[PDB]
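Q: Structural data only, the sequence is not supplied:
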């Protein structure tokens, strides 16, 4: 009931703090995945 | 059971911005606390040696 | 721990060759062929384990930038952009999308008089953001600009010596070229206002002592 | 927008000195003063301000009655030459002709010109002489400029 509600509250608090601390990491991973190069397009790894 | 899960999810969400806004304004909160009182320790101003 | 890289001029002192990753260095050259030759010699002068990228404008980079078969890294990550200011504006995000930029060297060979249209304020902002990004992601950026009358731009670059970590220029003098090292900051110390002469022998920049 | 002046008394900071040499990104300028019996040798590895960057300069200073005075070797390199192309000339030098380039800055007389040239380091200063009465003051101004702004001018 209210007890388990407060448990979940605590959990999501530092959980949301750690997620915020990794803001830069999240941003970089998302940029790598979605991958929008608007003007600079990799021509190709040359040998 | 269904109502329990619903309330769980609600609490989860609300505490996400609660912990997202706490971190976002964290730097500003420390600043505000400082001028309130905090504790000017260690280094102590001697005086205005005119 | 982060490796240091070298500039592509032979017979040159290590005090003016090494660029520790995590800053911005700037180069000016008088002619486009000089820019491309210097870029190719820099690429051929890198360590095997190093990670190097090249960004070019108004051309297909696979046909203008070469690699020596005896020295240098196994492969390089060529890039290409429009001959426009927006390409330089987005460079950071565009490179982050396709590459993890930690411990990398970026050679940016612009077109002839490409940096002529960029206003002074936006150039200052670009240099500041590039310096901050370089310190944040531990990457080094080398800029090679073939131009003629960048005296106002060169004074602008000198005023921004905090953003840059080294500014040098290359001027054509008929049979030899003059290297003017405004300043340089590397692992072995800091230099200030040297003048050195370098020649092009068989396409290789060799310092004449 | 605050400046910090770190004064470090030390004897065996060789490792610390090498660390500070590597620490360019956090230090505008690293300066060392060494006592050598009668005079102090000032060794500035690098130094930066609004007038440029100077690197690897060794100078000699002496403490006379508690004051720090530079030795008469006051002709040491003014390393930065950022205004090597700026031409600071009296308006009379150009006999009504337009300024030749963007590098030409004109001045009304040889007193505003002297004031502006007290801040230059490698510029060309062109004075205009029209009377014999202004030879001694011009000589004094030239003397002050040469004895303070170095040989690059």
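A: Nice, I can see it. Numbers count the residues shown, from 1 in each chain, chains lettered A, B, ... in the order given.
Q: pretty sure residue C:188 is touching residue C:14, no?
A: Yes: with contact defined as Cβ atoms under 8 Å, residue C:188 reaches residue C:14; the gap is 6.2 Å. All C-beta spots, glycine's among them, are computed from the backbone N, C-alpha and C.
Q: now the strands: where do they sit in chain D?
A: With DSSP state E as the criterion, chain D has strands at D:30-35, D:40-49, D:52-64, D:67-70, D:87-90, D:104-107, D:124-126.
Q: now chain C
A: Under DSSP E, chain C gives strands at C:4-6, C:18-20, C:24-29, C:52-57, C:76-81, C:105-109, C:140-146, C:166-172, C:177-186, C:189-201, C:204-207.
Q: Could you check the angle the fourth one makes with strand C:105-109?
A: In terms of direction (axes from the mean of the first three to the mean of the last three Cα atoms, to 10 degrees), strand C:52-57 departs from strand C:105-109 by 20 degrees.
Q: Okay, buried residues for strand C:52-57 please.
A: Neighbour-count burial for strand C:52-57 flags C:52-57 (criterion: 16 or more other Cβ atoms under 10 Å in any protein chain shown).
Q: close to chain D, is the longest helix seen in chain C?
A: In chain C, assigned by DSSP state H, the helix with the most residues is helix C:120-137. Yes: contact of helix C:120-137 with chain D (Cβ under 8 Å from any Cβ of the partner chain) involves residue C:135.
Q: which residues sit in contact with residue A:36?
A: Neighbour list for residue A:36: residue C:97 [criterion: Cβ atoms under 8 Å, 6 or more residues apart in numbering or on different chains].
Q: ugh, wrong one, residue C:82
A: By Cβ under 8 Å, 6+ apart, residue C:82 lies in contact with A:39, C:57.
Q: can the buried residues of strand C:52-57 go into a markdown table with extra columns for distance to chain D?
A: What follows is the buried residues of strand C:52-57, written out as a markdown table (distance: Cβ to the nearest Cβ, whole Å):
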| residue | distance to chain D |
| --- | --- |
| C:52 | 23 |
| C:53 | 23 |
| C:54 | 26 |
| C:55 | 25 |
| C:56 | 30 |
| C:57 | 27 |
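Q: For chain B, give me its nearest residue in chain D.
A: As assessed by Cβ to the nearest Cβ, chain B sits closest to residue D:4 within chain D, at 13.8 Å.
Q: what's the distance between that residue and residue D:29?
A: Distance, residue D:4 to residue D:29, using Cβ to Cβ, to the nearest Å: 12 Å.
Q: ok so, going back, residue C:188 and residue C:14: which has the busier surroundings?
A: Neighbour tally, residue C:188 and residue C:14, criterion other Cβ atoms under 10 Å in any protein chain shown: the higher count belongs to residue C:188, 16 against 11.
Q: Setting aside sequence neighbours, what's the nearest residue to the more buried one?
A: Computed as Cβ to Cβ, 6 or more residues apart in numbering or on different chains, the closest residue to residue C:188 that is not its neighbour in sequence is residue C:15, at 5.5 Å.
Q: and the gap between that neighbour and residue C:80?
A: Using Cβ to Cβ, we find residue C:15 at a distance of 34 Å from residue C:80.
Q: So what's the residue count around the residue of chain D closest to chain B?
A: 5.
Q: can you pull out the helices in the chain?
A: Defaulting to chain A. A:2-21, A:23-34.
Q: let's do chain D instead
A: With DSSP H as the criterion, chain D has helices at D:14-22, D:112-117, D:136-148.
Q: Please work out which of the ones you listed is packed deepest.
A: helix D:112-117 (a mean of 18; mean count of other Cβ atoms under 10 Å in any protein chain shown).
Q: Contacts for it next, please.
A: D:88-90, D:105, D:107, D:123, D:125, D:127, D:141, D:144-145, D:149, D:153.
Q: Next, give me the two most distant ones among those residues.
A: D:105 and D:144 (19.8 Å; Cβ to Cβ).
Q: who's in contact with residue A:31?
A: C:93, C:96-97.
Q: Quickly note the distance from it to chain D.
A: Distance, residue A:31 to chain D, by Cβ to the nearest Cβ, to the nearest Å: 26 Å.
Q: for residue A:15, same thing?
A: Applying Cβ to the nearest Cβ, the value for residue A:15 to chain D is 35 Å.
Q: next one: residue C:183
A: Distance, residue C:183 to chain D, by Cβ to the nearest Cβ: 5 Å.
Q: Contact partners for that residue?
A: Neighbouring residues of residue C:183 by Cβ under 8 Å, 6+ apart: C:161, C:166-167, C:190-193, D:53, D:55.
Q: how about a cut-off of 6 Å?
A: By Cβ atoms under 6 Å, 6 or more residues apart in numbering or on different chains, the residues touching residue C:183 are C:192, D:53.
Q: ok, back up a step: would you turn the strands of chain C into CSV with distance to residue D:114?
A: Output for these, formatted as CSV (distance: least, Cβ to Cβ, whole Å):
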stretch, distance to residue D:114
strand C:4-6, 47
strand C:18-20, 42
strand C:24-29, 34
strand C:52-57, 47
strand C:76-81, 50
strand C:105-109, 44
strand C:140-146, 37
strand C:166-172, 31
strand C:177-186, 28
strand C:189-201, 26
strand C:204-207, 42
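Q: With respect to residue D:24, which of those strands lies nearest?
A: Nearest to residue D:24, of all the strands of chain C, is strand C:177-186, at 4.7 Å by Cβ to Cβ.
Q: That closest one pairs with which strands?
A: According to DSSP bridges, strand C:177-186 forms sheet pairs with strand C:166-172 (antiparallel), strand C:189-201 (antiparallel).
Q: re the thing from before, so for residue C:37, which of the strands of chain D sits nearest?
A: strand D:52-64 (28.6 Å).
Q: That closest one: partners in the sheet, and parallel or antiparallel?
A: Applying DSSP bridges, one finds strand D:52-64 paired with strand D:40-49 (antiparallel), strand D:67-70 (antiparallel).
Q: Next, the angle strand D:30-35 makes with that strand.
A: Going by the same axes, to 10 degrees, strand D:52-64 makes 20 degrees with strand D:30-35.
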